[PDB]
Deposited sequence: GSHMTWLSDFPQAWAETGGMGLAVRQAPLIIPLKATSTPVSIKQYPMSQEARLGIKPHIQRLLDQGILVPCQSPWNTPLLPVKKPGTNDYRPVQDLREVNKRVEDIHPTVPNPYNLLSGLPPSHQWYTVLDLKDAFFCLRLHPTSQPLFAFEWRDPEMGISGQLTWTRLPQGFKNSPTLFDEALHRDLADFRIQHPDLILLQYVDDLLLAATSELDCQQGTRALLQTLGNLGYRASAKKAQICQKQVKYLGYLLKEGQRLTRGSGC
């Protein structure tokens, strides 16, 4: 299937992602900004156990690393009864320099969809932000304290990739992905590609230009280091669900 011909393009078969052509991002602070260090809130054993596995996997993939930073924000337990780690980065958001909100809202994104393109492929990239590297100078910004009493493990960890919870993560990825798919857009003039952060839509007039496009797009995302979710892929269809909207023939 589509899964056999493109092993590299799917998170199921391709491994962890990594945008190899994108330089590590530098995060500029405001002109008056100084490091803020919030002490970790005491966490229950239940949450600490629920979260510990996610931390260890991240350390193993190298997405998380030991560090020592004058910045520190609190880790939160958030529950379905599974505990995800959720860094509260608002005090870091407050101190980072604003960037233009270049990402269009869904509505406007769809307006630029001609009606002659009724064959749809919808992909969503898996763990998009973690594919973008973080420059070592900007990594200390996102440090949190990891403290596993029942193991003697206390110390700070921070991120090597674009983190969850950072106000600029969605815009910076959308821009990064636009850079990487600019050449694809030029090699396929008759195709339409909509990008909403980690949510893509390819549109053609024939189910064949679509097949030939989805192949090309999957080929390209895999070679650039991105991974689509095959579980949610909607390939060469006449109606698809994109950004809440259901697109059938042209309606909506």
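- Mapping the modelled residues onto the deposited sequence reveals missing stretches at 1 to 4, 84 to 86, 260 to 266.
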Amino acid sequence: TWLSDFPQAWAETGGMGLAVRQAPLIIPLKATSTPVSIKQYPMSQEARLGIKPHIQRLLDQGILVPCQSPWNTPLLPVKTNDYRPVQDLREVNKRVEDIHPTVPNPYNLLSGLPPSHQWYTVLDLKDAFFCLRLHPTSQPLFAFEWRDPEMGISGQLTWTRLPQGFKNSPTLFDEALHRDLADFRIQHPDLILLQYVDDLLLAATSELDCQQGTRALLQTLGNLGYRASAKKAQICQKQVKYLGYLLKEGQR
From here on, numbers count along this sequence of modelled residues.
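Note that the rigid core is defined as the largest set of C-alphas that superpose within 1.5 Å between two forms.
- Larger average C-alpha displacement in 6 other deposited structures of this protein, relative to the shown form after a rigid core fit, is seen for 69 to 77 when comparing 87 to 95 with 69 to 77.
- For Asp174, the fraction of other compared entries lacking coordinates, among those that model flanking residues, is zero, nowhere near a third.
- Compared with other PDB entries of the same protein, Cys131 is present in all of those that resolve the residues around it, none of them, let alone a third, dropping it.
- Of the two stretches examined, 100 to 108 and 174 to 182, the record assigns the greater average C-alpha temperature factor to 100 to 108.
- Stretch comparison (202 to 210 versus 49 to 57) by mean CA B-factor in the PDB entry places 202 to 210 on top.
- The entry lists C-alpha B-factors for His135, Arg147, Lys126, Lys94, and the highest of these is at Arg147.
- The PDB entry gives the largest Cα B-factor of the residues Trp159, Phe130, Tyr120, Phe166 to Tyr120.
- Sort the chain's modelled residues by C-alpha temperature factor and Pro189 lands in the highest third, per the entry.
- Among the modelled residues of the chain, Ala19 sits in the lowest third by CA temperature factor in this PDB entry.
- In the PDB entry, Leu64 places in the lowest third of its chain by CA B-factor.
- In this PDB entry, the Cα temperature factor of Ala216 sits in the top third of its chain's modelled residues, the highest group.
- The PDB entry assigns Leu243 a C-alpha temperature factor belonging to the highest third of its chain's modelled residues.
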